[PDB]
């Protein structure tokens, strides 16, 4: 889930999935 998945860019949330939209320093919705 994109709850505790932080990031700056799209591929920064790679931990969540393959290309995740990054919100205010977090994950929007990976796979």
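Heads up, chain A uses Swiss-Prot numbers, so what you see runs 24-54.
This deposition comes from solution NMR.
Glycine too: its Cβ is placed from the backbone N, Cα and C atoms.
Pulled from Swiss-Prot:
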DISULFID  30-45  disulfide bond
DISULFID  36-50  disulfide bond
DISULFID  39-53  disulfide bond
Can you tell me the CA-to-CA distance separating residue 30 (disulfide bond) and residue 36 (disulfide bond), as a whole number of Å? 5
Residue 39 (disulfide bond) sits from residue 50 (disulfide bond) (Cα to Cα, rounded, in Å) at a distance of 8
Rounding to whole Å, the Cα atoms of residue 36 (disulfide bond) and residue 53 (disulfide bond) are apart by 8
Work out how many Å separate residue 45 (disulfide bond) and residue 53 (disulfide bond) at their Cα atoms, rounded off. 9
